[PDB]
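Structure first, commentary second.
Positions of Cβ are generated from backbone atoms using ideal geometry, with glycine treated the same way; all protein chains shown enter the neighbour counts. FYI, it's all coordinate maths here, none of it is from the lab.
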Amino acid sequence: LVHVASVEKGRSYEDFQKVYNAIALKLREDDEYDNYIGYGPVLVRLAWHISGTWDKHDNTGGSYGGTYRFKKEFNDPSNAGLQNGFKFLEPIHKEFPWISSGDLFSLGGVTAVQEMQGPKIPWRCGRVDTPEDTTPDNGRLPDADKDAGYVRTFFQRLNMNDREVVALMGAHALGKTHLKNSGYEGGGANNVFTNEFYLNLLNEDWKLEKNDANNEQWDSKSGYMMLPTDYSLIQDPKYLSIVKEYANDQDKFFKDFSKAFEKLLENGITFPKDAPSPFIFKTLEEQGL
Ligand code: HEM
């Protein structure tokens, strides 16, 4: 099953930069969402969830088809709360109706990461909207209540290795969990992209507790939390080494996250050899906007 990237007809880099900028300007404007966290984190999560349905074995799922716009995927219990990212992106789509759904969703994540002072993430256009019957079934996104063996096995389906898994998980520096969405509560409420996920893992004093929803989570005396899946990155000795590396090398973490996150967003897409090179978008700040 082959999904060929097809550039939106007549569009070029500058066109996508304008979409980036509208997203970035709206991020800045709508700053009150979720107790002043802003929409950055949820947009990063949206991009991951529309990508994380991919299965390397048959090339179903992934960002390409923009299938999150369909009821079945939109309502996936694993996607609870992402409706907020979707609503954010509505007026962006109306301003730029020529962009595919998959391109918009993935670009939202790229824009959020960069505008939160994260690394540049190269991004490629050409996802094409596919019909409702291409919508993957629920259940393909990962559970939070599991251990490192689960996380490792799970991410093999997305063609991600130990370093790529640990790198990607560093996005859990961003935002927070909400009891109503996932049955967890707590987090840093942070909207600046850093390597602090790794530092928190290593430097805090963690205690495993059951929460109000009867789910297990790791809680620190300073009031941070980690999922069992997060904490598994320090229980497992291979993951631990990589955690230690990223806790001690901001630039390495930035480079590795960028590669892994672009790979995540491009899994399942065949780019023809006459496709444009990946675009690197300027931040608002770099444009003097
Ligand atoms: C084992 C893998 C993963 C699990 C089980 C997991 C689970 C979760 C859960 C349960 C939440 C809280 C949702 C809520 O209550 O609203 C969350 C938040 C988040 N996750 Fe993950 N996650 C995983 C991997 C990733 C990856 C790979 C990324 C990005 C590259 C990511 C980005 C985020 C972000 C940005 C949020 C915050 C959303 C917000 O503040 O609204 N996660 N994750």
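Side notes on the structure shown:
- Cross-link partners for residue 71 among the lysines, with Cα-Cα distance under 16 Å and sequence neighbours closer than 8 places in the same chain left out: 87.
- Kirkwood radius for the chain, taken over all pairs of different Cα atoms as the inverse mean of 1/r, rounds to 19.2 Å.
- Over all projection directions, the Cα-based convex hull of the range 142-260 averages an area of 7.0 nm².
- Within a Gaussian network of the chain (alpha carbon springs, distance under 10 Å), most fluctuating of 255, 146, 180: 180
- Expected 222 nm ellipticity per residue - DSSP helices of 4 or more, -39500 (n - 2.57), all of the chain, to 500: -13000 deg cm²/dmol
- Least to most buried among 89, 233, 284 (fewest other Cβ within 10 Å first): 284, 89, 233
- For the chain, share of DSSP beta bridges that run antiparallel, in % to the nearest 5: 90 percent
- Whichever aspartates and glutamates have a C-alpha closer than 17 Å to that of residue 9, once near sequence neighbours (fewer than 8 apart) are set aside: 95, 103, 129, 274
- By definition, a body whose alpha carbon gyration tensor gives a ≥ b ≥ c is oblate when a/c is 1.5 or more and a/b is not larger than b/c, and the range 1-114 fits this oblate description.
- Those trypsin sites (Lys or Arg not before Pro) in the range 1-92 that DSSP places in a loop and that have at most 13 other beta carbons within 10 Å: 9
- Ranked for footprinting exposure by Cβ neighbours inside 10 Å, fewest first, 54, 98 give 98, 54.
- For the range 12-75, applying the loop criterion from DSSP together with a ceiling of 16 other beta carbons within 10 Å to the GluC sites (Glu not before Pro) yields 32.
- Within straight-line cross-link reach of residue 252, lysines at Cα separation under 23 Å, skipping those fewer than 8 residues along the same chain: 120, 238, 244, 263, 282
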